[PDB]
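Participant: Below is the structure I would like to discuss, written out as structure tokens.
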Amino acid sequence: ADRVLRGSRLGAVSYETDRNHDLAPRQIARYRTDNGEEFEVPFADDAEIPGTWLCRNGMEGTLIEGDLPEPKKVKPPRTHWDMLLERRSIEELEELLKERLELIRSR
Amino acid sequence: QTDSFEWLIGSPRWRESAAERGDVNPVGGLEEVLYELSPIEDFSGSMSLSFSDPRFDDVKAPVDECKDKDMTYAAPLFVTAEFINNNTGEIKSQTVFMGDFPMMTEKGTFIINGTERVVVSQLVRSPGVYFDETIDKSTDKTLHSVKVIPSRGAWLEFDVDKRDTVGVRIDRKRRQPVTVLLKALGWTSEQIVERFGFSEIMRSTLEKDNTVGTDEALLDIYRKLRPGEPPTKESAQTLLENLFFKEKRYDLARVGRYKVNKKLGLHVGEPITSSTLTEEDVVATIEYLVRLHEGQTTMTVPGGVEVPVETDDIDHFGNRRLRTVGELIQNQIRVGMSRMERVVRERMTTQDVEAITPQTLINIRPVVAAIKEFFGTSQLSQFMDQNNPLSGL
Amino acid sequence: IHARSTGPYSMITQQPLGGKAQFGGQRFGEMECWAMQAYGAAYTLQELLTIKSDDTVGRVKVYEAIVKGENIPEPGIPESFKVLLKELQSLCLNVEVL
Amino acid sequence: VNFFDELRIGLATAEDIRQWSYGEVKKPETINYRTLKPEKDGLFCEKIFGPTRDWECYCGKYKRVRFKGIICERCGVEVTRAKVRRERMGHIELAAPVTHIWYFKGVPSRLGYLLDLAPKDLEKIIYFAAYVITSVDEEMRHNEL
Amino acid sequence: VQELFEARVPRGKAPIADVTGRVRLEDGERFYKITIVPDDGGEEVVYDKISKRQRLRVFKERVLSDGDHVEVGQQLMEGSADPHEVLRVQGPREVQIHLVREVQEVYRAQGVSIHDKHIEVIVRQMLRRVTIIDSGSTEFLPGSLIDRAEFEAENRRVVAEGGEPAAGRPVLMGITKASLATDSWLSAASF
Amino acid sequence: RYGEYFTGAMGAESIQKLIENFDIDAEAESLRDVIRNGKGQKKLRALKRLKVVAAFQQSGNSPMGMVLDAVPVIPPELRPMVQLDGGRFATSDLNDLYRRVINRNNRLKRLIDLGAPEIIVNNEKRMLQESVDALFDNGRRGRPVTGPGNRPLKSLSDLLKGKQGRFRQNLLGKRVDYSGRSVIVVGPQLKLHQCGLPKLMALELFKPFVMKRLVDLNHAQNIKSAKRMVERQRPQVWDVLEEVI
Amino acid sequence: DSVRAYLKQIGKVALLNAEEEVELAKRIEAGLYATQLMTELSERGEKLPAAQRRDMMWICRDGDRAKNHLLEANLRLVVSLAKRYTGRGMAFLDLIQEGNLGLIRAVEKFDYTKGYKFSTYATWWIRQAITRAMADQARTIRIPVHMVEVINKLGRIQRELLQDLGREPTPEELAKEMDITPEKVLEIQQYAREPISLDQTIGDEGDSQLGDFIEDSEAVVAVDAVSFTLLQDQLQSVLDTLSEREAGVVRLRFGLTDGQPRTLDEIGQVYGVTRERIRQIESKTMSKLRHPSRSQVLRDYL
Ligand SMILES: [Zn+2]
């Protein structure tokens, strides 16, 4: 299919001029990960400072400060114990473990 | 080019034309794939399918229209097939529209999507027997080989060692001896002396043959085949006769048949046509080989014409033929049915018995896919250079 | 006949692209460069393989300098060269310049 | 710089590679099928590789040159050029150690010298066919033998 | 010429003399039979098998024969000369002039005038490195090829330390073979 | 029984235990003692080993990098993805290979947390290792990874080695602009320092320069009247052209 | 090829039947209730003696032994079910792994008082893992699974109906029969295709690639770029020749010195004036801009 054919990138092309002055001012927080790090992350000077943030490591961490908002909202996994307790009862496992624990109790 | 086309169709002009110049029983080019292809047989042996009567309908548009409206210059194709039950016999005969079929002009041309394109003739070496003699540079002596090639199969070479004796590896499996081919072929060691003892270098093969017993060495032949498999009575003779006496996968050329007769001085006054390999030709080229490497000039054969002994040429025209376009398109229809029928026999089982018409078994689609597949993307199909009538010629 | 001052380029590389409806581009070889070494006219070579081949950000500079008729700017780093360095950095290589 | 003295090559240590990159992805995705925009944590991840559109965050809240060097923390993308996406290297941390191939299958195997081992025996190690003793104390075996 | 720059074994093999003296010339089993007697003398040098198609060499006074006085390194038959053995016998300075006359003859046969110093430039890279016959005292692996100026710079620091008898011969090697031994490593990557 | 005493494992983490619990020096001077004593296939093995043990012995490196616990990723524009007209997408081959990597890392990564029999574990780690191997170089270990059409893919070394190599990327040479070609005839009235020039091609070449000069005297307003006026080939360009050549 | 070492690996396993894993389920469930018995034992304290420690620790190891024995017994089930869905989409070892995970979930959700074959139980989870994994990791562009529903149904009606007509169907016919618009099925036919690779040869000799031929319409043209800056320069040279007020009204209005279009009251807010005062000076400025001496140098700049 050797013919003069055009395709496409995605994104934007701009012919804006260059300069190194009159930019918006900033603010610097230094978030702290679990593995003892300080990451100078520049933020725009008019902004909010959130609690959790994925960092340059590729992990999340806490702030420079010691707010400690919440170690919560996570859920336990659906374990095999729950999948047992759906189709089997507590009496089933108590008497069944009286059977098996009898069987090792009589060896 | 005009008489090359002419033939897959098989014109009445072709019929008389290739009927007055000898040509006793002319058969069609499509027919040449039919009678080797039909009849179609299942593995159970309980039903059967047959083909007959290749013919053609009329054109659908003239050349000015086709070149104008950028189509193919084609015409329909009918072949009357028949399903035949083997248990009771059935007459399901049904002329099935096999598909469209491209057509050649009286200009000798073809029109694909309006484009005028040309089929190039492709020179290939003819299959057959190729004798050769080489001289080594260690001890400077004379070894005598032959390479015998079929069409669409494996190869076999009858060589001569730098020492004693021979080189008889088939499909390149290290070496064989000549006698185990003959004794395991079902022949006595006595007739090795009687027919092939004059011819005394092979007496050393009968000395160092190192195995007495027909199947006792033929098990070692199957050990030369795989290696490492317990042989049965299948792999003794029948597997070997699936490589040289079953004409379903090992099929040398019709001309290569004629070339074997023509070289070997066979029964040549014969109207025969086959692709089967006798072993009598094999022992014939054995004895021609040893009469070559004993030093001679001439040779006759019991039951056939005498032959002047000589080496072969490589680039001689009698060794290098031409596949014409009808042979090219013949190969493309051959592979098109090779890809077409290979699910049809598969669906001879899994389709419902008594509920199948020949229409339900034929897929005409991969055939025309093979045709339009062929005219595209081939370096044998090129544009017509139309800038000089000389150039187009 | 072929001729070009400025036209289309590739998307893989920054090289000029040449076909029928393209202006064509002129493929500059190897022994050519050997003879350029044989003169030793190295500023010509630095003109050739950089601002004419692969560095995008120079082309606007030298073209605009020609527009204003200002000085020829110095040829910056061939960025196509640095692409190789990133390929080496992809494969467990502490490569470094000093 | 354009004042180069040498160009020296070594093995890149693990800490320097994770000092090189700007993040680690975790999804096998390129873009969306419809809006054709890059997804999170996949290929072309704007959050660690940069703006595909010029000075435009994915939040779309800032567009201008005066907003540069700053981070839309809604989009998580620093505002800059798009051409620097031909420069930013990524990484993937592993769940287990992984040997490099060019020391093993290269001839001669510098691994095979490096601990004085056979190549064929090392092959069944790294393709997990058998165990090997890597460290054993000699005190307790010695006196308690 | 292409083989004469990579300097492999020429097919026109004819040995040269090894010592001054006289010759004992005989025939052999389809070849010839050659024996050199030394001039001092000592061990007589015998050459066995050179094919009779490869016939005698002409010297000046008219034709090589038996009982003839033998020079240092005079070639015995027609054909071609081995570089390595005349390197082993007469010295590098000669082998220079030899290769000059050989290539120069080839351009003279078509009559194309090429100045000698370019050939000399190509010569200079061919004898840069020496081998390690004996390790001596300092890390020199035998079977390796090492730059001469580095070898003499390493033997320049011959402050006592135990003596360093690292032995080696001047080594000719083919220009591809020589070209492999670089330091730049990306020209080496360019193969 | 006796599992309290030894340590045994399989694969690369045990290999890392070998590397960490290894010293250069006593091995090195041990091979010095061998090359003092041994000879033949007792010193030559210590020779071939002593070169590379000497190599780690010289530089301030470590054999830590020979195993890996983090795999880098090349920038995306070296594996760029292009859509043609009509919604025709094209990209590099490496990307789905990386996808095999990330799917095996997340797959193992989730599978460990449950716990498993070890038959699963060496299977998944083995698939991981071969994914790394096919990432670096296809076809080195066993069967090459092929995709559609049963044709092999392009690995990292494929970008480096071969007919796309450093000659074939850099030193192959390439095409540049401000150039052209045509057929030639004789100019027998010229001089040596002189040459002739076809003028349509000449004006086609010298476009930005004449576009500069024609605006300088007031024949034009801007670049746009300049370039458009060139594309019209108006007759006012020619006397400018002898000045600019 | 790890199929040799992996069939070689699983070939050491003995096959099992129903009544065994009936008891082995009691061993495993005894393991889990010994496990939660151990955790509640850690809750209340009051640790049982050594025999009543080794019995629950023993049966916790026992449920792992019979559990892993069952998993070993059904790796052969993973192979035997998975071994025909090849030739498309994904490598076979991946199918092994996801069949293993679906078999893990089926082990987690199996009951023996229901009285069935264990494989016939697990078959929904195994094939469901096939649909999930092949739904996920088989395409360069990930398509949601509800569209994959009509990919399967569309290839079914398209292939079988393609046999029904005996030839290639038309999109309006599929729009008729699958009860949609032709633009719908045309969009699906656009979505169904695999992306073309980049690195294959162009059909012939043999050295070049495909990447030499890619035309960018988003390319960096030079002449407009230089044109843009000098255009801005002409904006400066022309726009600074008007009055002091109108410069600030147009610049602060149109987003020129800052880059943002503003409301009416925003630039009148800094001046302390009305919206109508801004609109009459700005509109009269628009009358000043159509004075043609300025427009003559700016007409070609369109
Ligand atoms: Zn944003």
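Going through the structure tokens in order, the chains are called A, B, and so on, while each chain numbers its residues from 1 and the ligands are numbered from 1 in the order shown.
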Just need the residues of chain C within 9 Å of chain D, counting only C-alpha atoms, so spit them out as number ranges by chain.
Facilitator: C: 76-77, 83, 86, 89-98
Participant: So which residues touch residue B:301 within 12 Å, counting only C-alpha atoms, skipping near sequence neighbours fewer than 2 positions away, as a ChimeraX atom specification?
Facilitator: /B:195,261,263-267,280-281,283-288,291,298-299,303-309
Participant: Counting only C-alpha atoms and all ligand atoms, which protein, DNA or RNA residues come within 8 Å of ligand 1, given as a PyMOL selection string?
Facilitator: chain D and resi 56-62+71-77
Participant: Could you save the residues just selected, with N, CA, C and O atoms, as a JSON list (two decimals), in the first residue's frame?
Facilitator:
```json
[["chain", "number", "residue", "atom", "x", "y", "z"],
["D", 56, "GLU", "N", -2.38, 22.05, 28.51],
["D", 56, "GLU", "CA", -3.76, 21.79, 28.89],
["D", 56, "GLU", "C", -3.78, 20.58, 29.80],
["D", 56, "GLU", "O", -3.40, 19.49, 29.39],
["D", 57, "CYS", "N", -4.24, 20.78, 31.03],
["D", 57, "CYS", "CA", -4.36, 19.67, 31.96],
["D", 57, "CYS", "C", -5.60, 18.87, 31.59],
["D", 57, "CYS", "O", -6.46, 19.32, 30.83],
["D", 58, "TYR", "N", -5.71, 17.66, 32.13],
["D", 58, "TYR", "CA", -6.88, 16.84, 31.84],
["D", 58, "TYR", "C", -8.11, 17.39, 32.55],
["D", 58, "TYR", "O", -9.24, 17.17, 32.12],
["D", 59, "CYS", "N", -7.89, 18.13, 33.64],
["D", 59, "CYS", "CA", -8.98, 18.89, 34.25],
["D", 59, "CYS", "C", -9.40, 20.04, 33.36],
["D", 59, "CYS", "O", -10.55, 20.49, 33.40],
["D", 60, "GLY", "N", -8.48, 20.55, 32.54],
["D", 60, "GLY", "CA", -8.81, 21.57, 31.58],
["D", 60, "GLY", "C", -8.98, 22.93, 32.21],
["D", 60, "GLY", "O", -9.61, 23.83, 31.63],
["D", 61, "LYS", "N", -8.42, 23.11, 33.39],
["D", 61, "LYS", "CA", -8.65, 24.31, 34.17],
["D", 61, "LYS", "C", -7.66, 25.42, 33.84],
["D", 61, "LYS", "O", -7.95, 26.59, 34.10],
["D", 62, "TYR", "N", -6.52, 25.10, 33.23],
["D", 62, "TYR", "CA", -5.51, 26.11, 32.94],
["D", 62, "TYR", "C", -5.03, 25.91, 31.51],
["D", 62, "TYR", "O", -4.97, 24.77, 31.04],
["D", 71, "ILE", "N", 1.17, 22.48, 39.00],
["D", 71, "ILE", "CA", 0.49, 21.20, 38.85],
["D", 71, "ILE", "C", -0.99, 21.39, 39.13],
["D", 71, "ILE", "O", -1.37, 21.81, 40.23],
["D", 72, "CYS", "N", -1.81, 21.10, 38.12],
["D", 72, "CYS", "CA", -3.22, 20.86, 38.37],
["D", 72, "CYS", "C", -3.35, 19.59, 39.17],
["D", 72, "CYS", "O", -3.22, 18.49, 38.63],
["D", 73, "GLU", "N", -3.60, 19.72, 40.47],
["D", 73, "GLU", "CA", -3.70, 18.53, 41.30],
["D", 73, "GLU", "C", -5.00, 17.78, 41.08],
["D", 73, "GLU", "O", -5.12, 16.64, 41.54],
["D", 74, "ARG", "N", -5.97, 18.37, 40.40],
["D", 74, "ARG", "CA", -7.11, 17.61, 39.91],
["D", 74, "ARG", "C", -6.72, 16.69, 38.76],
["D", 74, "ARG", "O", -7.08, 15.51, 38.77],
["D", 75, "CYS", "N", -5.97, 17.19, 37.78],
["D", 75, "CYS", "CA", -5.50, 16.36, 36.69],
["D", 75, "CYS", "C", -4.25, 15.58, 37.05],
["D", 75, "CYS", "O", -4.03, 14.49, 36.50],
["D", 76, "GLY", "N", -3.43, 16.10, 37.95],
["D", 76, "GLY", "CA", -2.20, 15.42, 38.33],
["D", 76, "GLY", "C", -1.13, 15.53, 37.27],
["D", 76, "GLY", "O", -0.20, 14.72, 37.23],
["D", 77, "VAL", "N", -1.25, 16.52, 36.39],
["D", 77, "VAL", "CA", -0.32, 16.67, 35.28],
["D", 77, "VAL", "C", 0.30, 18.06, 35.38],
["D", 77, "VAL", "O", -0.40, 19.06, 35.48]]
```
Participant: What's the 10 Å shell around stretch 182-184 of chain F, counting only C-alpha atoms, without same-chain residues fewer than 2 positions away, as a PyMOL selection string?
Facilitator: (chain C and resi 1-3) or (chain F and resi 180+186-187+198+201)
Participant: Go ahead and write the selection's residues with C-alpha atoms as a PDB file, in the first residue's frame.
Facilitator:
```
ATOM      1  CA  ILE C   1      13.353  16.908 -11.715  1.00  0.00           C
ATOM      2  CA  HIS C   2      13.089  17.336  -7.966  1.00  0.00           C
ATOM      3  CA  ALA C   3      13.481  20.406  -5.787  1.00  0.00           C
TER       4      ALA C   3
ATOM      5  CA  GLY F 180      17.603  18.702  -5.877  1.00  0.00           C
ATOM      6  CA  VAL F 186      27.500  20.628 -21.634  1.00  0.00           C
ATOM      7  CA  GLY F 187      28.243  24.290 -20.941  1.00  0.00           C
ATOM      8  CA  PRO F 198      18.097  25.998 -14.543  1.00  0.00           C
ATOM      9  CA  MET F 201      14.509  24.921 -10.044  1.00  0.00           C
TER      10      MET F 201
END
```
Participant: Please return, as a PyMOL selection string, all residues of chain E lying within 12 Å of chain F when only C-alpha atoms are considered.
Facilitator: chain E and resi 135+137+139-143+186-191
Participant: Write out, as a tab-separated table (two decimals), in the first residue's frame, the residues just selected, with N, CA and C atoms.
Facilitator:
```
chain	number	residue	atom	x	y	z
E	135	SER	N	54.29	-14.61	29.87
E	135	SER	CA	53.58	-13.64	30.70
E	135	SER	C	54.55	-12.73	31.45
E	137	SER	N	55.91	-11.05	34.33
E	137	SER	CA	55.54	-10.75	35.70
E	137	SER	C	54.25	-9.96	35.82
E	139	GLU	N	50.56	-9.59	34.33
E	139	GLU	CA	49.17	-9.72	33.88
E	139	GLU	C	48.94	-10.00	32.40
E	140	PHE	N	49.98	-10.28	31.64
E	140	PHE	CA	49.87	-10.37	30.19
E	140	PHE	C	49.46	-11.79	29.82
E	141	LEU	N	48.21	-11.94	29.41
E	141	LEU	CA	47.69	-13.23	29.01
E	141	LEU	C	48.31	-13.65	27.69
E	142	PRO	N	48.90	-14.84	27.64
E	142	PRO	CA	49.40	-15.35	26.36
E	142	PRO	C	48.25	-15.69	25.43
E	143	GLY	N	48.50	-15.58	24.13
E	143	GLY	CA	47.44	-15.68	23.15
E	143	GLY	C	46.71	-14.38	22.90
E	186	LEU	N	32.16	1.86	19.83
E	186	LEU	CA	30.92	2.00	19.07
E	186	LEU	C	31.19	1.85	17.59
E	187	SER	N	32.41	2.17	17.16
E	187	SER	CA	32.90	1.63	15.91
E	187	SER	C	32.96	0.12	15.99
E	188	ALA	N	33.34	-0.40	17.16
E	188	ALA	CA	33.23	-1.83	17.41
E	188	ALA	C	31.78	-2.28	17.44
E	189	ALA	N	30.88	-1.43	17.91
E	189	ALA	CA	29.46	-1.76	17.79
E	189	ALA	C	28.97	-1.67	16.36
E	190	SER	N	29.73	-1.05	15.46
E	190	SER	CA	29.31	-0.88	14.08
E	190	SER	C	29.66	-2.06	13.19
E	191	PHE	N	29.83	-3.26	13.74
E	191	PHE	CA	30.06	-4.40	12.87
E	191	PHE	C	28.88	-5.36	12.84
```
Participant: DSSP on the backbone: what in stretch 86-267 of chain G comes out strand (DSSP E), as a CSV table (one decimal) with N, CA, C and O atoms, in the first residue's frame?
Facilitator:
```csv
chain,number,residue,atom,x,y,z
G,196,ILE,N,-3.1,-2.4,12.5
G,196,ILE,CA,-2.1,-2.9,11.6
G,196,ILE,C,-0.7,-2.6,12.3
G,196,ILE,O,-0.5,-1.6,13.0
G,197,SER,N,0.2,-3.6,12.2
G,197,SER,CA,1.5,-3.4,12.7
G,197,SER,C,2.3,-2.4,11.9
G,197,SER,O,1.9,-2.0,10.8
G,214,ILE,N,4.8,7.9,6.5
G,214,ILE,CA,3.7,8.4,7.3
G,214,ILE,C,3.6,9.9,7.2
G,214,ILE,O,4.6,10.6,7.6
G,215,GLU,N,2.5,10.5,6.7
G,215,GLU,CA,2.3,11.9,6.5
G,215,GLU,C,1.6,12.5,7.7
G,215,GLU,O,0.6,12.0,8.2
G,216,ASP,N,2.2,13.5,8.3
G,216,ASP,CA,1.6,14.2,9.4
G,216,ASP,C,0.8,15.4,8.9
G,216,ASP,O,1.4,16.3,8.3
```
Participant: May I ask for the distance between atom CA of residue A:46 and atom CA of residue G:262, given in Å to one decimal place?
Facilitator: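 That distance, rounded to one decimal, is 19.5 Å.
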Participant: Enumerate as a ChimeraX atom specification the residues belonging to chain A that approach chain G to within 12 Å, with only C-alpha atoms taken into account.
Facilitator: /A:1-18,22-24,78-107
Participant: Counting only C-alpha atoms, figure out which residue out of G:189, G:211, G:161, G:206 gets nearest to residue C:15.
Facilitator: G:211
Participant: From a DSSP calculation on the backbone, collect every residue of stretch 53-241 of chain B in helix (DSSP H, G or I) and output the set as a PyMOL selection string.
Facilitator: chain B and resi 63-69+178-183+189-196+203-207+214-225+234-238+240-241
Participant: Let me see the file: selected residues, N, CA and C atoms, as a CSV table (one decimal), in the first residue's frame.
Facilitator:
```csv
chain,number,residue,atom,x,y,z
B,63,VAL,N,-15.8,-5.6,-23.7
B,63,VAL,CA,-14.5,-5.2,-23.2
B,63,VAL,C,-14.5,-3.7,-23.0
B,64,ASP,N,-15.1,-2.9,-23.9
B,64,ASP,CA,-15.2,-1.5,-23.7
B,64,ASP,C,-16.0,-1.1,-22.5
B,65,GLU,N,-17.0,-1.9,-22.2
B,65,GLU,CA,-17.8,-1.7,-20.9
B,65,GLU,C,-16.9,-2.0,-19.7
B,66,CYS,N,-16.2,-3.1,-19.8
B,66,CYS,CA,-15.5,-3.6,-18.6
B,66,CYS,C,-14.3,-2.7,-18.3
B,67,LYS,N,-13.5,-2.3,-19.3
B,67,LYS,CA,-12.5,-1.3,-19.2
B,67,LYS,C,-13.1,0.0,-18.8
B,68,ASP,N,-14.3,0.4,-19.3
B,68,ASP,CA,-14.9,1.6,-18.9
B,68,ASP,C,-15.4,1.5,-17.5
B,69,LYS,N,-16.2,0.5,-17.2
B,69,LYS,CA,-16.8,0.4,-15.8
B,69,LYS,C,-16.0,-0.3,-14.8
B,178,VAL,N,22.0,-50.6,-1.1
B,178,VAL,CA,21.2,-50.9,-2.3
B,178,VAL,C,20.4,-52.2,-2.1
B,179,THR,N,21.1,-53.2,-1.4
B,179,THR,CA,20.5,-54.6,-1.3
B,179,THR,C,19.3,-54.6,-0.4
B,180,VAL,N,19.3,-53.9,0.7
B,180,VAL,CA,18.2,-53.9,1.7
B,180,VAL,C,17.0,-53.2,1.1
B,181,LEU,N,17.2,-52.3,0.1
B,181,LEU,CA,16.1,-51.8,-0.7
B,181,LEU,C,15.6,-52.9,-1.6
B,182,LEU,N,16.4,-53.8,-2.1
B,182,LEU,CA,16.0,-54.8,-3.0
B,182,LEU,C,15.5,-56.0,-2.2
B,183,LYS,N,16.2,-56.4,-1.2
B,183,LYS,CA,15.8,-57.6,-0.4
B,183,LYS,C,14.6,-57.3,0.5
B,189,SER,N,18.6,-62.6,-2.4
B,189,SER,CA,20.0,-62.3,-2.5
B,189,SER,C,20.6,-63.0,-3.7
B,190,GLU,N,20.0,-64.1,-4.2
B,190,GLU,CA,20.5,-64.8,-5.4
B,190,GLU,C,20.3,-63.9,-6.6
B,191,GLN,N,19.1,-63.2,-6.7
B,191,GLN,CA,18.8,-62.4,-7.9
B,191,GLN,C,19.6,-61.1,-7.9
B,192,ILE,N,20.2,-60.8,-6.8
B,192,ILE,CA,21.2,-59.7,-6.7
B,192,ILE,C,22.4,-60.2,-7.5
B,193,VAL,N,22.8,-61.4,-7.3
B,193,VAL,CA,23.9,-61.9,-8.1
B,193,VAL,C,23.6,-62.1,-9.5
B,194,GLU,N,22.4,-62.6,-9.8
B,194,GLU,CA,22.0,-63.0,-11.2
B,194,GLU,C,21.8,-61.8,-12.0
B,195,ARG,N,21.0,-60.8,-11.6
B,195,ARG,CA,20.6,-59.7,-12.4
B,195,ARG,C,21.6,-58.6,-12.3
B,196,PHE,N,22.3,-58.5,-11.1
B,196,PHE,CA,23.2,-57.4,-10.8
B,196,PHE,C,24.6,-57.8,-10.3
B,203,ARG,N,28.7,-56.3,-5.5
B,203,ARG,CA,28.9,-57.5,-4.8
B,203,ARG,C,29.5,-57.2,-3.4
B,204,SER,N,30.3,-56.1,-3.3
B,204,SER,CA,30.7,-55.7,-2.0
B,204,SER,C,29.6,-55.2,-1.1
B,205,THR,N,28.5,-54.6,-1.8
B,205,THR,CA,27.4,-54.3,-1.0
B,205,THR,C,26.7,-55.5,-0.4
B,206,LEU,N,26.7,-56.6,-1.3
B,206,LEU,CA,26.1,-57.8,-0.8
B,206,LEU,C,27.0,-58.5,0.2
B,207,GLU,N,28.3,-58.2,0.2
B,207,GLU,CA,29.2,-58.7,1.3
B,207,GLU,C,28.9,-57.9,2.6
B,214,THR,N,14.6,-60.2,5.5
B,214,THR,CA,13.8,-59.2,4.8
B,214,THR,C,13.3,-58.2,5.8
B,215,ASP,N,12.4,-58.6,6.7
B,215,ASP,CA,11.9,-57.7,7.7
B,215,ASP,C,12.9,-57.4,8.8
B,216,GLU,N,13.9,-58.3,8.9
B,216,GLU,CA,15.0,-58.1,9.9
B,216,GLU,C,15.9,-56.9,9.6
B,217,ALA,N,16.0,-56.5,8.4
B,217,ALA,CA,16.6,-55.3,8.0
B,217,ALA,C,15.6,-54.2,7.8
B,218,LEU,N,14.4,-54.5,7.5
B,218,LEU,CA,13.4,-53.5,7.2
B,218,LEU,C,12.9,-52.8,8.5
B,219,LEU,N,13.0,-53.5,9.6
B,219,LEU,CA,12.9,-52.8,10.9
B,219,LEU,C,14.0,-51.8,11.1
B,220,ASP,N,15.2,-52.1,10.7
B,220,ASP,CA,16.3,-51.1,10.7
B,220,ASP,C,16.1,-50.0,9.7
B,221,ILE,N,15.3,-50.3,8.6
B,221,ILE,CA,14.9,-49.3,7.7
B,221,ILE,C,14.0,-48.3,8.4
B,222,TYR,N,13.0,-48.8,9.2
B,222,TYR,CA,12.1,-47.9,9.9
B,222,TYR,C,12.8,-47.2,11.0
B,223,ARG,N,13.9,-47.8,11.5
B,223,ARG,CA,14.8,-47.1,12.4
B,223,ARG,C,15.5,-46.0,11.7
B,224,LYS,N,15.8,-46.2,10.4
B,224,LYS,CA,16.3,-45.1,9.6
B,224,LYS,C,15.3,-44.1,9.3
B,225,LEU,N,14.0,-44.5,9.4
B,225,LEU,CA,12.9,-43.5,9.2
B,225,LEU,C,12.8,-42.5,10.3
B,234,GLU,N,2.6,-52.6,9.3
B,234,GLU,CA,2.4,-51.4,8.6
B,234,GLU,C,3.7,-50.8,8.0
B,235,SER,N,4.6,-50.4,8.9
B,235,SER,CA,5.8,-49.7,8.6
B,235,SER,C,6.8,-50.6,7.9
B,236,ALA,N,6.5,-51.9,7.7
B,236,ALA,CA,7.4,-52.7,6.9
B,236,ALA,C,7.2,-52.4,5.4
B,237,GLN,N,6.1,-52.7,4.8
B,237,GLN,CA,5.9,-52.5,3.4
B,237,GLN,C,4.9,-51.4,3.1
B,238,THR,N,3.8,-51.2,3.9
B,238,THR,CA,2.7,-50.4,3.4
B,238,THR,C,3.1,-48.9,3.5
B,240,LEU,N,6.1,-47.8,3.2
B,240,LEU,CA,7.0,-47.5,2.1
B,240,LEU,C,6.2,-47.4,0.8
B,241,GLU,N,5.1,-48.2,0.6
B,241,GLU,CA,4.3,-48.0,-0.5
B,241,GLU,C,3.3,-46.9,-0.4
```
Participant: What are the residues of chain D lining chain G at 9 Å or less? Count only C-alpha atoms, and put the answer as a list in words.
Facilitator: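 Taking only C-alpha atoms into account, residues 28, 29, 30, 31, 32, 33, 63, 64, 65, 66 and 129 of chain D sit within 9 Å of chain G.
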Participant: Would you list which chain B residues are within 10 Å of chain G using only C-alpha atoms, as a list in words?
Facilitator: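 Contact residues on the first chain: residues 360, 363, 364, 365, 377 and 379 of chain B.
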